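> Here it is, the structure, as structure tokens.
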Amino acid sequence: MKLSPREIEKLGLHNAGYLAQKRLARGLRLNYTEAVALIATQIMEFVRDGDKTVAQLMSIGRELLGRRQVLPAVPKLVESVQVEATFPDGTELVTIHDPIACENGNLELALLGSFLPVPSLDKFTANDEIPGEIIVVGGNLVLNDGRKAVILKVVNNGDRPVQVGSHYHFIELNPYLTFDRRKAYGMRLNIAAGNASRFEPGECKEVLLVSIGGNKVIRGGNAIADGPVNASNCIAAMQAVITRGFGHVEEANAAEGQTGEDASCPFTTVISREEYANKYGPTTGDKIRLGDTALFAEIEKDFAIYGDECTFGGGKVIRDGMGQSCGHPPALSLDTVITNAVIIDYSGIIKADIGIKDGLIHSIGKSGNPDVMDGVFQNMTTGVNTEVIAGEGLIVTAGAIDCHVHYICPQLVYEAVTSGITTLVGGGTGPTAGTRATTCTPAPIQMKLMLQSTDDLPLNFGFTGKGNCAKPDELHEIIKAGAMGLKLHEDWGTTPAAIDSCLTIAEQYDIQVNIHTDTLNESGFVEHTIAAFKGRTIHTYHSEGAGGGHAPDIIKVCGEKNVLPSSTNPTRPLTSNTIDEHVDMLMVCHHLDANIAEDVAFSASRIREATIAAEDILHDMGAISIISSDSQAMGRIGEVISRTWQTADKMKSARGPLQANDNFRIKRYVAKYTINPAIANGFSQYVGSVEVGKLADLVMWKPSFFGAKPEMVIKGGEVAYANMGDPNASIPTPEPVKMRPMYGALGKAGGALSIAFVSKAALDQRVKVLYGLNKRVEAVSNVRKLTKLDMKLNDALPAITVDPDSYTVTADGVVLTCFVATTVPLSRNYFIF
Amino acid sequence: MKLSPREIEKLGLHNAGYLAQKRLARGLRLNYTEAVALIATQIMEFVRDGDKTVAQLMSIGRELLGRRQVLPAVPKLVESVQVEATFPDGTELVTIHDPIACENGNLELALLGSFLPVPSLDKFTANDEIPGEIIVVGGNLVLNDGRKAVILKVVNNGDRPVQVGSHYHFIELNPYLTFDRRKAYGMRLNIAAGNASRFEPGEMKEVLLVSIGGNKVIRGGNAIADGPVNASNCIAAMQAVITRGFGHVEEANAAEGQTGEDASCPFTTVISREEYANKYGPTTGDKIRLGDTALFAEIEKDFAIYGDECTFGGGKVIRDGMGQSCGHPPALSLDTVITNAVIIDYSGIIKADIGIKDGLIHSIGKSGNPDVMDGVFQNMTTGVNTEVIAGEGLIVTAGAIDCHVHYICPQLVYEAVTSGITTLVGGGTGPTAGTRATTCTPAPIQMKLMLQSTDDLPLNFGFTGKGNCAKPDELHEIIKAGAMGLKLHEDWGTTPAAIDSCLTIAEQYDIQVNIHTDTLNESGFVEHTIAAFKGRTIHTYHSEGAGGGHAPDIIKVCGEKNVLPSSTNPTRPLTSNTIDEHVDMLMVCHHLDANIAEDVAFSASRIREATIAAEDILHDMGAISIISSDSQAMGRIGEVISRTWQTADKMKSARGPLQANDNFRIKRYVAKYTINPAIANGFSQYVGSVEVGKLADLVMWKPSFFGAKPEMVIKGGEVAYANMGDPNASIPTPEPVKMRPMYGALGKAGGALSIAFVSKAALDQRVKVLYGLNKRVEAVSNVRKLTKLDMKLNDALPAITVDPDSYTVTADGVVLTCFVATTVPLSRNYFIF
Ligand code: NI
Ligand code: NI
Ligand code: NI
Ligand code: NI
């Protein structure tokens with residue numbers, strides 16, 4: 001067949017269309033991903049037929065699926081569908097804009113060529129009544145306040161069209177525009193940042209101009225006015241205007257003034273507030289729905305000065321001598337700027353530009369060019385050598401950190417980064433019995449190998465040894481080898497003696513101890529394991545206990561001051577299939593028999609509605625500080641983030657507000673998979689939050705998709721993984737769009753962008769050198785003096801009791817009961833399976 | 001002063017002349033080295049004076065030192081003295097040939113400028129009555145037997161001199177030589193390999209010509225006769241002789257025959273036998289005095305076919321198409337050939353060419369070009385790409401192997417290679433108390449460091465850990481780190497428990513255990529340590545015991561079948577200062593007081609004339625198998641070799657012959673610092689003898705200096721260290737000549753040429769990769785099944801008793817007594833201090 005790659009991919013795309021076609025013919029309402037596959041698939045077939053032109057399919061594509069055939073969110077999610085195919089005259093791109101352009105679509109034609117029977121309308125469900133919607137405050141904003149202003153007559157005396165961007169130095173215009181060049185001096189158009197005025201030939205326009213800000217130095221254009229704005233350089237600019245024949249007619253009468261903050265001043269330009277949000281993303285006071293949850297994030301603070309937003313593109317702001325600085329010291333240009341980002345972080349929900357330098361977050365604030373703009377500090381310069389990642393309208397958060405990882409297969413890793421995870425911590429050596437049961441890399445040799453194995457992958461890694469030992473001998477060895485933490489697991493024996501010996505070792509080496517307790521209460525009940533901690537910091541895995549630990553009351557640990565507790569994700573939150581699923585999963589993982597009295601006793605003692613319900617609440621209470629996966633050993637790597645938001649969404653709907661928005665809950669929860677995993681494991685100076693001085697491990701989200709599927713994963717300042725369409729296409733957006741590794745994941749790049757975390761002892765020996773690692777290696781630290789109070793926004797310490805028969809949990813006197821949700825967000829709207 | 005390096009060196013050369021001047025003024029008869037410094041020094045001063053010419057100094061230099069002023073060896077050792085100095089007309093080279101050209105010299109003039117009083121003749125001792133002398137068998141040798149021959153008239157009709165080498169293809173000569181070219185076809189001159197016949201213009205000579213050998217293929221010269229010699233190529237050669245105007249007159253009458261082995265055949269050429277030895281070094285039956293000892297090596301076998309010796313030089317044998325082959329497959333050219341070497345090695349004293357390829361000894365035999373010489377095998381081809389090291393007249397031995405090394409300072413190392421040592425085995429970490437007492441590199445960290453440290457040094461290295469332990473735990477670790485052997489030392493405790501635990505480990509890891517027993521008999525007497533061996537292989541260091549062990553009878557170990565025993569070198573052999581030196585040395589190392597009864601008791605129990613006398617004998621018996629240094633911890637790195645021969649010289653003179661030459665003794669001893677240290681430590685497949693397949697770690701000796709100072713040290717095929725004179729000079733021989741590192745000692749080369757030995761367990765983990773070592777790393781093996789019978793030529797097992805009071809040693813019933821020698825060879829004749 002001589003299949004080129006693009007042919008192979010389209011076969012896949014087609015397969016997805018056909019599956020969507022089969023669901024449609026069943027009278028299922030299609031989700032976003034289904035609508036897309038189906039339409040791209042048909043477009044490709046119509047091109048194969050050879051009967052239809054591009055202009056035709058542009059129309060035909062709007063009339064396949066109608067409001068009736070799709071889910072309530074789809075008409076807002078599907079802005080359009082793009083695909084390329086081979087027409088009779090070669091490859092052509094077809095864009096279908098607003099494909100849900102009607103009520104009924106055309107079923108016959110949506111299925112045409114599939115040979116699937118065409119369903120009747122009444123086979124489809126009835127329409128129900130907008131993910132990531134921006135709720136704009138009512139009103140207008142005056143651009144560019146407190147600046148000298150002038151209105152000038154401008155003529156296009158050329159024979160061709162001339163168009164001028166918002167930030168072009170007006171004196172430097174095409175010599176064929178005629179106006180008062182002297183009055184234009186130091187001025188630029190008073191219009192929304194990044195648009196333009198178009199002058200057809202012969203046209204006369206009356207233009208509102210406003211003064212440039214900051215240092216008021218003009219660079220570029222025609223070099224008419226090179227230099228700082230002053231009386232002396234004005235005289236020189238005018239000399240050059242005359243000599244070089246730049247169109248000039250004095251307007252002695254021109255209205256002059258300033259942009260004053262009051263009503264009906266003719267120099268001022270206003271921008272409708274809904275429209276501000278659409279161009280540049282939301283600003284202070286606006287709220288943003290997280291994905292299709294019920295959560296709203298309100299912009300708390302904005303660094304933007306209205307009218308100088310950093311937007312990149314033709315005629316736009318980020319151009320030489322305008323928004324892009326020219327003449328500052330080269331070493332301080334930002335490597336990359338992320339423009340107009342909504343940052344959601346435990347430390348604040350804000351609107352800001354983010355500058356990246358040397359793989360690090362260099363600054364957060366208002367960025368651009370100090371020669372032309374007020375308010376640009378010397379650490380936020382967009383310069384010649386600065387790349388641009390456009391955040392307008394998107395959310396940025398820290399890369400997620402999953403601190404309960406089983407390295408069972410390398411593909412867990414791709415699934416992780418693709419969901420928004422950039423750091424993994426746990427143990428394993430591949431698909432062995434030991435690794436499948438416990439987060440342990442047991443032999444020094446295997447430490448060596450896992451570090452070397454994962455050395456090119458664009459994530460930060462930590463590996464943990466087997467902590468189950470009643471003598472320190474072999475623990476010293478595994479830490480010296482490079483383990484950055486130890487796992488105490490019952491399958492290797494978690495006994496008071498092992499617990500003690502392992503914590504004494506943690507005290508010496510400043511590493512975290514993660515524990516899965518003695519479910520069987522073989523050598524003690526939970527109180528005996530707590531006693532054995534002896535007031536020493538310890539991280540308790542899946543603290544609720546479905547995934548392991550003292551039956552039935554391991555959850556008591558969420559009330560010990562020295563315990564840092566996490567949950568794993570599959571019990572999150574309590575939903576209608578939770579219990580059934582987990583019982584059987586337990587039966588499967590423990591090789592138990594549905595028909596034996598005691599097998600079923602063990603399992604009913606392990607998987608308990610009363611405690612999972614309590615887990616939803618303690619999680620909302622900030623009594624459980626972290627959420628993690630338990631990847632392929634009871635939990636799900638790609639669902640750390642979504643299960644966090646699904647827990648938040650359920651609690652918002654069940655419980656009281658926590659402090660006219662959901663900010664306090666949003667920040668509490670984002671902390672559970674970003675900052676708190678980093679604190680617990682001892683590397684929070686390097687990652688876990690959007691703050692200056694930390695790795696620029698950064699995930700871009702569409703608000704409509706937030707918490708389900710991100711756009712782009714930045715690793716150490718460079719794009720590591722991202723949504724990507726047809727590699728052969730004329731743009732990146734045509735089908736099939738899927739998460740693929742990017743330049744940050746090829747060759748040596750993964751290593752240059754990331755950190756392998758080891759113990760200080762291992763680093764003292766330079767295991768980075770010994771092991772031949774190209775990834776940066778750093779030591780973990782500051783882990784032996786943590787208490788629950790060091791967990792950001794999750795420092796609650798209830799008195800917990802658990803009834804040994806009913807399993808009912810009481811916290812601070814209050815019986816904890818929670819309902820069984822029948823659905824969750826961030827699921828049916830997003831996934832093809 | 002702006003001193004260049006040469007100026008700095010000559011200052012040292014001067015200082016040596018002046019010291020030699022002071023000694024002469026005292027009426028000391030000078031040795032070789034003194035004579036040289038003195039004469040070069042005066043020559044440089046006479047040059048400074050500016051009064052005398054080169055030709056003058058050439059005569060004056062002969063009349064400074066006379067037979068009276070020098071030791072008996074000097075007139076044979078000092079063939080000449082060369083130096084270069086700045087005359088009024090720039091730098092010029094002065095060679096003084098045969099500087100002892102008279103009886104009285106000229107004292108005043110030998111001191112002139114030194115302002116030292118000129119001694120009178122009677123202050124000098126009276127003359128006494130030849131180191132490395134060759135004793136030639138009486139007679140002649142017929143060259144080139146069994147070959148077609150012809151005598152031809154040859155005339156030089158050219159106007160300039162023409163000279164032809166022994167192996168040039170005669171038909172290929174200058175076209176101005178006139179002779180019968182057709183008879184000359186396939187012939188060459190029948191003269192000694194490497195010389196020539198000179199034709200002045202117009203001269204007529206009657207030349208003996210003999211047929212070429214091997215395949216008889218002609219290549220090179222003028223391309224007259226390109227091809228295998230046969231009637232068809234003859235016809236073509238004659239065509240080209242006619243066409244190209246090569247001088248040709250038919251000699252219809254020429255005498256034709258062959259080289260018969262009878263007397264007075266006019267076609268044959270004989271070489272006087274003494275002359276043969278002088279040109280090509282000795283052959284079968286000749287004998288060579290080792291240095292200035294009484295030892296004589298007789299050549300047991302010669303591979304040469306008389307007349308085809310490989311000698312390289314202008315006009316000589318090793319030239320394109322003659323002895324240097326042209327047309328064989330390029331991959332099989334030797335990298336280097338050592339021509340006409342006497343090899344002295346445990347396995348035989350012989351005469352052979354030695355072929356080196358890929359740093360290994362590739363072949364031993366008759367080397368050359370199979371197209372023109374008989375007897376050249378395919379693995380002995382001197383090719384275009386073959387380097388020549390000329391061994392004619394010289395002795396080649398394996399690199400010495402010192403297996404009792406304390407790494408106290410890096411300089412031990414240079415002192416070792418410069419004396420002829422290429423492998424070191426021992427322990428240490430530098431000048432610490434532990435390393436100054438024991439051959440122990442105790443920490444894994446220090447193993448890594450010492451291997452990294454010594455990585456560029458052109459010697460093979462083995463490091464040994466601390467074997468003193470009653471538990472195996474840390475012993476496992478040091479071997480895994482890379483130790484290739486363990487040392488049990490009393491200073492760390494050599495108790496029966498430690499001995500057992502250590503040897504049990506050696507059985508697991510296949511490494512050698514070296515021991516210095518419990519001198520104090522604190523824990524047991526020697527019996528008890530022997531019992532603790534439990535029949536297991538163990539290397540006993542300084543088995544005599546002055547250097548350490550059970551007082552007074554450690555020597556008993558030389559009679560245990562599982563013991564491999566070595567001596568250190570300072571007690572070798574028993575001479576008049578031995579006992580006095582050692583008592584004090586013991587006092588100093590043990591911080592003892594001459595005035596405390598028990599300090600003097602311990603000392604007298606440790607240092608024992610009776611046992612040291614017995615050591616001379618058991619050494620000669622082949623009852624002690626190895627001689628080693630104990631470098632800087634009672635022993636002397638640069639004297640492993642000299643002390644071995646000094647011992648052999650003293651026993652020759654004291655005892656009966658061992659099997660009309662000294663071959664058996666010579667071989668027995670050479671094995672003590674070559675093959676037996678490599679067998680005992682487990683790397684004898686790589687080094688320790690001049691045998692095919694092993695590294696080309698080879699030392700070139702002048703017989704006159706053999707066992708004192710070597711000429712050249714070849715490390716893995718490349719010269720690593722050698723005598724070198726003035727780097728500014730026109731030749732390499734002018735003063736000051738001293739041992740200097742060569743190209744094998746610079747940059748990356750030392751590593752490329754050598755091996756670091758580790759345990760198999762360490763190599764299993766790739767410590768070579770972990771430690772970033774550029775030196776090749778290999779594992780030691782085949783060491784736990786050795787018995788004294790595996791020691792080459794040193795396998796004797798006497799029943800030994802030692803009287804606890806008289807210290808008298810008895811071996812097989814015989815009381816061992818030996819005299820205190822007053823002098824030793826390989827000392828006063830050679831050293832400047
Ligand atoms: Ni677990
Ligand atoms: Ni787990
Ligand atoms: Ni010793
Ligand atoms: Ni020693």
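Chain identifiers are assigned as A, B, and so on, following the order in which chains appear in the structure tokens; residues are numbered from 1 within each chain, and ligands are numbered from 1 in order of appearance.
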Give the residues of chain B that lie within 12 Å of chain A; count only C-alpha atoms, and format the answer as a ChimeraX atom specification.
/B:444-446,448-449,473-474,477,764-773
> Only N, CA, C and O atoms, please: the residues just picked out, written as a PDB file, in the first residue's frame.

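Written file, part-v8.pdb:
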ATOM      1  N   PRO B 444      35.154   1.659  49.779  1.00  0.00           N
ATOM      2  CA  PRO B 444      34.725   1.607  48.396  1.00  0.00           C
ATOM      3  C   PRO B 444      35.017   2.892  47.593  1.00  0.00           C
ATOM      4  O   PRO B 444      35.511   2.814  46.485  1.00  0.00           O
ATOM      5  N   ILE B 445      34.638   4.037  48.161  1.00  0.00           N
ATOM      6  CA  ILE B 445      34.997   5.392  47.792  1.00  0.00           C
ATOM      7  C   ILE B 445      36.473   5.572  47.405  1.00  0.00           C
ATOM      8  O   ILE B 445      36.793   6.271  46.438  1.00  0.00           O
ATOM      9  N   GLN B 446      37.382   4.982  48.187  1.00  0.00           N
ATOM     10  CA  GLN B 446      38.822   5.062  47.917  1.00  0.00           C
ATOM     11  C   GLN B 446      39.257   4.153  46.772  1.00  0.00           C
ATOM     12  O   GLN B 446      40.157   4.460  46.019  1.00  0.00           O
ATOM     13  N   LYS B 448      37.272   3.652  44.133  1.00  0.00           N
ATOM     14  CA  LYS B 448      36.831   4.443  43.022  1.00  0.00           C
ATOM     15  C   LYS B 448      37.929   5.470  42.778  1.00  0.00           C
ATOM     16  O   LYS B 448      38.452   5.590  41.645  1.00  0.00           O
ATOM     17  N   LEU B 449      38.342   6.142  43.850  1.00  0.00           N
ATOM     18  CA  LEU B 449      39.321   7.201  43.717  1.00  0.00           C
ATOM     19  C   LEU B 449      40.676   6.797  43.249  1.00  0.00           C
ATOM     20  O   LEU B 449      41.317   7.556  42.545  1.00  0.00           O
ATOM     21  N   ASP B 473      30.583  -9.204  56.026  1.00  0.00           N
ATOM     22  CA  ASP B 473      29.719  -8.129  55.547  1.00  0.00           C
ATOM     23  C   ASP B 473      30.428  -7.048  54.732  1.00  0.00           C
ATOM     24  O   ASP B 473      29.971  -6.706  53.669  1.00  0.00           O
ATOM     25  N   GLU B 474      31.546  -6.529  55.224  1.00  0.00           N
ATOM     26  CA  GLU B 474      32.135  -5.366  54.577  1.00  0.00           C
ATOM     27  C   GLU B 474      33.139  -5.833  53.535  1.00  0.00           C
ATOM     28  O   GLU B 474      33.494  -5.105  52.587  1.00  0.00           O
ATOM     29  N   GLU B 477      31.505  -5.934  50.341  1.00  0.00           N
ATOM     30  CA  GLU B 477      31.366  -4.591  49.804  1.00  0.00           C
ATOM     31  C   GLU B 477      32.643  -4.079  49.140  1.00  0.00           C
ATOM     32  O   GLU B 477      32.589  -3.423  48.111  1.00  0.00           O
ATOM     33  N   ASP B 764      31.115  -7.327  36.892  1.00  0.00           N
ATOM     34  CA  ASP B 764      29.721  -7.743  36.616  1.00  0.00           C
ATOM     35  C   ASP B 764      28.796  -6.544  36.644  1.00  0.00           C
ATOM     36  O   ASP B 764      27.848  -6.502  35.911  1.00  0.00           O
ATOM     37  N   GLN B 765      29.098  -5.587  37.521  1.00  0.00           N
ATOM     38  CA  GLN B 765      28.401  -4.299  37.699  1.00  0.00           C
ATOM     39  C   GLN B 765      28.943  -3.169  36.802  1.00  0.00           C
ATOM     40  O   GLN B 765      28.474  -2.025  36.888  1.00  0.00           O
ATOM     41  N   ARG B 766      29.975  -3.455  36.028  1.00  0.00           N
ATOM     42  CA  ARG B 766      30.576  -2.450  35.165  1.00  0.00           C
ATOM     43  C   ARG B 766      31.148  -1.227  35.946  1.00  0.00           C
ATOM     44  O   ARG B 766      30.779  -0.067  35.707  1.00  0.00           O
ATOM     45  N   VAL B 767      32.051  -1.480  36.886  1.00  0.00           N
ATOM     46  CA  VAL B 767      32.654  -0.384  37.610  1.00  0.00           C
ATOM     47  C   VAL B 767      33.497   0.449  36.671  1.00  0.00           C
ATOM     48  O   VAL B 767      33.815   1.593  36.979  1.00  0.00           O
ATOM     49  N   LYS B 768      33.903  -0.134  35.551  1.00  0.00           N
ATOM     50  CA  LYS B 768      34.640   0.605  34.550  1.00  0.00           C
ATOM     51  C   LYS B 768      33.744   1.711  34.033  1.00  0.00           C
ATOM     52  O   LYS B 768      34.224   2.822  33.891  1.00  0.00           O
ATOM     53  N   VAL B 769      32.445   1.417  33.795  1.00  0.00           N
ATOM     54  CA  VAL B 769      31.467   2.413  33.336  1.00  0.00           C
ATOM     55  C   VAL B 769      31.092   3.389  34.486  1.00  0.00           C
ATOM     56  O   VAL B 769      31.219   4.613  34.343  1.00  0.00           O
ATOM     57  N   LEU B 770      30.696   2.836  35.632  1.00  0.00           N
ATOM     58  CA  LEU B 770      30.422   3.665  36.794  1.00  0.00           C
ATOM     59  C   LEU B 770      31.551   4.693  37.151  1.00  0.00           C
ATOM     60  O   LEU B 770      31.280   5.825  37.447  1.00  0.00           O
ATOM     61  N   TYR B 771      32.800   4.265  37.130  1.00  0.00           N
ATOM     62  CA  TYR B 771      33.950   5.094  37.565  1.00  0.00           C
ATOM     63  C   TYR B 771      34.498   6.035  36.468  1.00  0.00           C
ATOM     64  O   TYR B 771      35.394   6.888  36.729  1.00  0.00           O
ATOM     65  N   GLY B 772      33.954   5.887  35.256  1.00  0.00           N
ATOM     66  CA  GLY B 772      34.296   6.721  34.100  1.00  0.00           C
ATOM     67  C   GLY B 772      35.745   6.497  33.709  1.00  0.00           C
ATOM     68  O   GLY B 772      36.439   7.458  33.375  1.00  0.00           O
ATOM     69  N   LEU B 773      36.191   5.236  33.744  1.00  0.00           N
ATOM     70  CA  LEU B 773      37.623   4.904  33.546  1.00  0.00           C
ATOM     71  C   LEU B 773      37.959   4.773  32.073  1.00  0.00           C
ATOM     72  O   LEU B 773      37.232   4.119  31.316  1.00  0.00           O
TER      73      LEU B 773
END
> When the cut-off is 10 Å and you count only C-alpha atoms and all ligand atoms, which residues lie near ligand 4, shown as a PyMOL selection string?
chain B and resi 404-406+426-427+435-440+487+489+515-516+541-542+547-548+568+628-635
> Using N, CA, C and O atoms, can you write the selected residues to a file as a CSV table (one decimal), in the first residue's frame?

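Final file, result-v2.csv:
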chain,number,residue,atom,x,y,z
B,404,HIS,N,53.6,-6.5,46.0
B,404,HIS,CA,53.5,-5.9,47.3
B,404,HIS,C,53.7,-4.4,47.3
B,404,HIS,O,54.7,-3.9,47.9
B,405,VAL,N,52.7,-3.7,46.8
B,405,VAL,CA,52.9,-2.2,46.7
B,405,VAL,C,52.1,-1.4,47.7
B,405,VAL,O,50.9,-1.7,47.9
B,406,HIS,N,52.7,-0.5,48.4
B,406,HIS,CA,52.0,0.5,49.2
B,406,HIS,C,51.9,1.8,48.4
B,406,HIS,O,52.9,2.4,48.1
B,426,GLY,N,48.7,-3.8,45.0
B,426,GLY,CA,48.8,-3.5,46.4
B,426,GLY,C,47.6,-2.8,46.9
B,426,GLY,O,46.5,-3.0,46.4
B,427,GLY,N,47.8,-2.0,47.9
B,427,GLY,CA,46.7,-1.2,48.5
B,427,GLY,C,47.1,0.1,49.0
B,427,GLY,O,48.3,0.4,49.1
B,435,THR,N,47.8,3.2,55.2
B,435,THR,CA,48.6,2.9,54.0
B,435,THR,C,50.1,2.8,54.2
B,435,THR,O,50.7,1.9,53.6
B,436,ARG,N,50.6,3.6,55.1
B,436,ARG,CA,52.1,3.4,55.4
B,436,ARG,C,52.4,2.1,56.2
B,436,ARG,O,53.5,1.7,56.2
B,437,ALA,N,51.4,1.5,56.8
B,437,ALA,CA,51.6,0.2,57.5
B,437,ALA,C,51.1,-1.0,56.7
B,437,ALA,O,51.7,-2.1,56.7
B,438,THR,N,50.0,-0.8,55.8
B,438,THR,CA,49.4,-2.0,55.2
B,438,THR,C,49.1,-1.7,53.7
B,438,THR,O,49.0,-0.5,53.3
B,439,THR,N,49.0,-2.8,52.9
B,439,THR,CA,48.6,-2.6,51.5
B,439,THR,C,47.1,-2.7,51.5
B,439,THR,O,46.6,-3.6,50.8
B,440,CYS,N,46.4,-1.7,52.1
B,440,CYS,CA,45.0,-1.6,52.1
B,440,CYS,C,44.3,-0.3,51.6
B,440,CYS,O,44.6,0.8,52.1
B,487,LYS,N,44.0,-7.8,51.6
B,487,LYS,CA,45.2,-8.0,52.5
B,487,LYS,C,44.7,-8.2,54.0
B,487,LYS,O,44.0,-7.4,54.5
B,489,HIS,N,46.3,-8.0,57.5
B,489,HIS,CA,47.5,-7.4,58.1
B,489,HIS,C,47.4,-7.4,59.7
B,489,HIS,O,46.3,-7.1,60.2
B,515,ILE,N,48.7,-12.1,53.0
B,515,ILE,CA,48.7,-12.1,54.5
B,515,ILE,C,50.1,-11.7,55.1
B,515,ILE,O,51.1,-12.0,54.6
B,516,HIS,N,50.0,-10.9,56.2
B,516,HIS,CA,51.2,-10.5,57.0
B,516,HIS,C,50.7,-11.0,58.3
B,516,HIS,O,49.7,-10.4,58.9
B,541,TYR,N,53.0,-12.8,52.3
B,541,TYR,CA,54.0,-11.7,52.1
B,541,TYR,C,55.2,-11.9,53.0
B,541,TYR,O,55.1,-12.5,54.1
B,542,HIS,N,56.3,-11.3,52.5
B,542,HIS,CA,57.6,-11.4,53.1
B,542,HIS,C,57.7,-12.6,54.1
B,542,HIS,O,57.8,-12.5,55.3
B,547,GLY,N,59.9,-8.5,57.6
B,547,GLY,CA,58.9,-7.6,57.2
B,547,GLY,C,57.6,-7.8,57.9
B,547,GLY,O,56.7,-6.9,57.8
B,548,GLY,N,57.5,-8.9,58.7
B,548,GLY,CA,56.4,-9.2,59.5
B,548,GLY,C,55.9,-10.6,59.5
B,548,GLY,O,55.9,-11.3,58.5
B,568,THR,N,59.8,-9.8,50.4
B,568,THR,CA,60.1,-8.4,50.0
B,568,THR,C,61.6,-8.3,49.7
B,568,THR,O,62.3,-9.2,49.9
B,628,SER,N,59.1,-9.2,45.7
B,628,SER,CA,58.3,-8.0,45.6
B,628,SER,C,59.0,-6.8,46.4
B,628,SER,O,60.0,-7.1,47.0
B,629,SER,N,58.5,-5.6,46.3
B,629,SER,CA,59.1,-4.4,46.9
B,629,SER,C,58.8,-4.2,48.4
B,629,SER,O,59.7,-4.1,49.2
B,630,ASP,N,57.6,-4.0,48.7
B,630,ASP,CA,57.1,-3.4,50.0
B,630,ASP,C,57.4,-1.9,49.9
B,630,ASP,O,57.9,-1.3,50.9
B,631,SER,N,57.1,-1.3,48.8
B,631,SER,CA,57.5,0.1,48.5
B,631,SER,C,57.2,1.0,49.6
B,631,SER,O,56.0,1.2,49.9
B,632,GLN,N,58.3,1.6,50.2
B,632,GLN,CA,58.2,2.6,51.3
B,632,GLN,C,57.5,2.1,52.6
B,632,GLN,O,57.1,3.0,53.4
B,633,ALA,N,57.5,0.8,52.8
B,633,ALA,CA,57.0,0.3,54.0
B,633,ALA,C,57.8,-0.9,54.3
B,633,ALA,O,57.3,-2.0,54.5
B,634,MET,N,59.1,-0.7,54.3
B,634,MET,CA,60.2,-1.6,54.5
B,634,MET,C,60.9,-2.1,53.2
B,634,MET,O,61.8,-2.9,53.2
B,635,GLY,N,60.4,-1.6,52.1
B,635,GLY,CA,61.0,-2.1,50.8
B,635,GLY,C,61.1,-1.0,49.8
B,635,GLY,O,60.7,0.1,50.1
> Can you tell me, as a list in words, what residues are no more than 9 Å from residue 385 in chain A when counting only C-alpha atoms, ignoring any on the same chain fewer than 2 positions away?
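Returned residues: residues 330, 333, 334, 335, 336, 382, 383 and 387 of chain A.
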> What residues have any atom no more than 7 Å from ligand 1 when counting only C-alpha atoms and all ligand atoms, and can you list them as a ChimeraX atom specification?
/A:438,489,516,541-542,547-548
> Do a neighbour search on residue 601 in chain A at 12 Å with only C-alpha atoms, toss out local chain neighbours closer than 2 positions, and write the hits as a VMD selection string.
chain A and resid 520 551 to 552 583 586 to 587 592 to 599 603 to 608
> Which residues in range 267-370 of chain B does DSSP call helix (DSSP H, G or I)? List them as JSON, numbers by chain.
{"B": [273, 274, 275, 276, 277, 278, 279, 280, 330, 331, 332]}
